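Read off the chains here:
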Amino acid sequence: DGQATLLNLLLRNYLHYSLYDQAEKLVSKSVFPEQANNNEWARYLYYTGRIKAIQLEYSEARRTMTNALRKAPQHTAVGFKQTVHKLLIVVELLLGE
Amino acid sequence: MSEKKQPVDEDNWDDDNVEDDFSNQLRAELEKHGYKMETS
Amino acid sequence: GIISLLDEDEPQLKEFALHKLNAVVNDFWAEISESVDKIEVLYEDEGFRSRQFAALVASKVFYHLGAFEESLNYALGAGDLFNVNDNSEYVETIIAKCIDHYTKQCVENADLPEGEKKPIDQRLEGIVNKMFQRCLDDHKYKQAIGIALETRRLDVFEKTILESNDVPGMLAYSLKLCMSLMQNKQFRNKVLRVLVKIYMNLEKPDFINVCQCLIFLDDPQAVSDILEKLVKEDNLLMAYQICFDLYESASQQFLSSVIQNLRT
Amino acid sequence: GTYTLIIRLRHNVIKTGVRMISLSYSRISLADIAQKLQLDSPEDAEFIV
Amino acid sequence: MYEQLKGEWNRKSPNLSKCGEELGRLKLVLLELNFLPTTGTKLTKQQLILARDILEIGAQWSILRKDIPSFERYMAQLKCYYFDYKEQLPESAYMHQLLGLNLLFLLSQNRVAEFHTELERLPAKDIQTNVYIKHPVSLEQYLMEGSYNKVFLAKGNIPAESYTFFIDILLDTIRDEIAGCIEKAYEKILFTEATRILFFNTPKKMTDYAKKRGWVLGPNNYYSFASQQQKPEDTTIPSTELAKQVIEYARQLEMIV
């Protein structure tokens, strides 16, 4: 519960920034917070999806975008589900499919 | 349940694939063939 | 950004680089976490004045990234700059490995102390009895009764029978506690044979613990020695519960082995 | 703020085109594919190909 | 104001005995004040704008002497000074021509994940303005596709500055690439076509490539050894790996996991 929220809550403005902490997120130990309650856990895979988007999707994270999508709930799409619905394919337009 | 933090705020699908392929292509054939009769 | 000047080859800008490694070790701590680890370069270099503090900040950054014994070797080799502060949430990080490798090595030193023993880096045992004196002086003797077992060391626990806590029944009932949680015979008999001699060197030497320990300990001459002390004192009223506890608790082989020592 | 990822798609557009034409036609001049792909230069359409 | 550098900074003193007093001068900056971003005393900027201009010209003559490892030391410090949210000059006539110069050498560093992790730092300054930084990103963007000739047109069509040491790394890293694409499934090429695909008329540079790789120097001829014959028809490697994978199937099939 401290391994979970303190990392998307760490991520949310570093993504908006261009700080080095994407490779720090590579070498981070807390990349798994161990069943992070399907809300932070669900969006977490998106938050690491846009990491390899700006660091050059090589079809690695379209499964973690897809996985972030399928772990997302039934509430409304306008929250973030628009942007995973857009960005999820944005990286597969990068592939060609 | 469903707190869902907000950073921002058939009938359709067979029609959507024929929308995909049948998208922006001449739209109005009654005259295209009848003008290819004499030009082609 | 300050990482860029780690190639100055002037032993003042390494010092100035480590000037900015303790106050600002939370933001580009993320930066120099995996990229540059040139602590051991200047640390093993003949360039001195700047290696002392260098192993501190590597013990900071390598701690959080799982390089624990990496932070423990630099923790030992960091020196006087390292142990100077115990006023943080970081001394908790480093003695957790220091006293760890201490006592898990000291189990093997309970196995084979003689030969191939520890090359202690003089603080690996130094903060042991240092913070152990903090246990002796911070009034906590439910833990000063315990870390003196954690060291697996007999004479420091024998030392703490004389402390700033008295002996009414303290460090006497402790064997009622440790006889229960007693792991083996090998650690048991060693501490047991030395506590019951200072029990005889006590003001009022207790008798049921020194009979009970000796049927726990198989010394069929020493209870004839203190039994000879009770013949010499010549009171069978106090030479009694030393004796019918011995007959009641002891075996036919043991009583048949101590009887020669009694009749002689 | 996706536009920096949007800007790089001309590569996959033109690989889409060359897989499309290279799949479609078989013995096709390079002096047709620059014009059909509106590339305005066949001389480097040797080089994209 | 403790200057000691207000005389030989603008005039070309090319690797003369200034740079020692220049570096020790910057050491003398450190004794007065650290190059920490100076969170307090925003009014005091002589440690900031007056030191940083010396540090960016100190970045500038490093590439003229070809000082690559200490070059990025200066440039990394420059980036970690424009990291400052404290109100400074927003740019100068140098911030494009040094930050994008780092982008252009870093282009020549063959490190593209760092080439594109920059791009949050100037979103609007990409297409809609700032043509001098539009030029390297469209340049490397042309290095994405089969754009050769256009890249060699941008080689010489620089509006910003010299960029010469970067277009010479770029003059090579495409030299071995065209030397790569002699080796594609071609016919006989005479000594004119692939002779002029780079930028040469007839030196022995085509003897350097034609003896470097094949397409051997002949009677107006480039020889095609287009074999690609040896590698197929292997059952044993699927008979090893697949026979591993079938037992792998059998693991989680009957025996409990």
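Residues numbered from 1 in each chain as written, not as in the entry; some residues may be left out. Chains lettered and ligands numbered in written order. Part of a larger assembly, values for the part shown. Heavy atoms only, no water. Residues with missing side-chain atoms left out of burial classes, pairs and counts.

- For this deposited structure, the header cites cryo-EM as the method used and 4.4 Å as the resolution.

**Some points on the overall build of chain A**
Then comes step 1: Across its full length, chain A carries 6 helices and 0 strands.
Then comes step 2: On C-alpha atoms alone, chain A measures out to a radius of gyration of 13 Å, which is about the 13 Å that the 2.2 N^0.38 rule sets for 97 residues.
Then comes step 3: Buried positions account for 44% of the 97 residues belonging to chain A.
Then comes step 4: Sequence-distant contacts, at least 24 apart, represent 52% of the contacts inside chain A between residues at least 6 apart.
Then comes step 5: Carbon and sulfur atoms form 54% of the exposed surface of chain A, whose accessible area is close to 5400 Å². (Helix = DSSP H or I, 4+ residues; strand = E, 2+ residues; numbered from the N terminus. Rg over C-alpha atoms; globule rule 2.2 N^0.38 Å. Buried < 20%, exposed > 50% of the residue type's maximum accessible area, 1.4 Å probe, protein only. Contact = heavy atoms within 4.5 Å. Areas by Shrake-Rupley, 256 points an atom, 1.4 Å probe, with all protein chains shown as cover.)

**Quick look at the pattern of salt bridges**
All names here are of chain A.
Then comes step 1: For the coordinates displayed, the defined rule picks out 11 salt bridges over all chains.
Then comes step 2: Residues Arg62 and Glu97 are paired through a salt bridge, measuring 3.9 Å at the closest nitrogen-oxygen approach. With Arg62 in helix α5 (residues 62–70) and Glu97 in the segment after α6 (81–93), the pair connects residues that are 35 residues apart, well separated along the chain.
Then comes step 3: Beyond isolated ion pairs, a larger network of salt bridges with shared partners links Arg62, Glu92 and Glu97. (Salt bridge = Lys/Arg side-chain N within 4 Å of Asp/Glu carboxyl O.)

**Considering the side chain of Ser18 of chain A**
Then comes step 1: Position of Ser18 of chain A among the secondary structure elements: in the loop between α1 (5–14) and α2 (23–26).
Then comes step 2: Once you skip the residues sitting within four places of it in the chain, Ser18 of chain A turns out to touch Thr117, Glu120 and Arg121 of chain E.

**Some remarks on the interface of chain C and chain E**
Then comes step 1: With 12 residues of chain C in contact, the opposing surface of chain E contributes 9 residues.
Then comes step 2: A per-residue breakdown of the area chain C buries against chain E is headed by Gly1, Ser4 and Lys20 of chain C, which together make up 38% of the total.
Then comes step 3: Applying the counting rule to chain C against chain E returns 2 salt bridges.
Then comes step 4: The partner of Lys27 of chain E in a salt bridge is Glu10 of chain C, and the shortest N-O contact between them spans 3.7 Å.
Then comes step 5: Inspection of the chain C/chain E interface yields 1 residue pair in polar contact.
Then comes step 6: By residue class, the composition of the side of chain C that touches chain E is 4 nonpolar, 4 polar and 4 charged. (Buried area = accessible area lost by both parts, 1.4 Å probe. Polar contact = N/O pair within 3.5 Å; in protein donor to acceptor, adjacent residues only side chain to side chain. Nonpolar A, V, L, I, M, F, W, Y, C, P; charged D, E, K, R; others polar.)

**Describing the UniProt feature "domain: PCI" in chain E**
Then comes step 1: The sites that carry the UniProt feature "domain: PCI" are, in the present numbering, residues 69–238 of chain E.
Then comes step 2: Split by type, residues 69–238 of chain E is 44% helix and 0% strand. Its first and last C-alpha atoms lie 48 Å apart. (UniProt positions renumbered as here; feature names shortened; annotations may be inferred.)

**Focus on the nonpolar core**
Soluble globular proteins tend to pack their nonpolar side chains together in the buried interior.
Then comes step 1: Counting 36 residues, the largest nonpolar core has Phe157, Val210, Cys213 and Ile242 of chain C as the members making the most contacts within it.
Then comes step 2: Elements supplying a minimum of two residues to this core: α6 (126–137), α7 (141–144), α8 (147–150), α9 (154–159), α11 (186–198), α12 (208–215), α13 (222–233) and α15 (252–263) of chain C.
Then comes step 3: Residue contacts for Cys213 of chain C: discarding those within four places in its chain leaves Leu192 and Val196 of chain C.
Then comes step 4: Within the second largest apolar cluster, 35 residues are counted, among which are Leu106, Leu122, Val137 and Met206 of chain E. (Core = buried A, V, L, I, M, F, W, Y, C linked by side-chain atoms within 4.5 Å.)

**Some details on α6 of chain C**
All names here are of chain C.
Then comes step 1: Between the first and last C-alpha of α6 there are 16 Å, a value that for 12 residues agrees with the 16 Å anticipated at 1.5 Å per step.
Then comes step 2: Those residues of α6 that are buried are in contact with α5 (91–111), α7, α8 and α9.
Then comes step 3: Two residues or fewer past α6, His139 is found with a positive phi of approximately 70°. (Expected span 1.5 Å × (residues − 1).)

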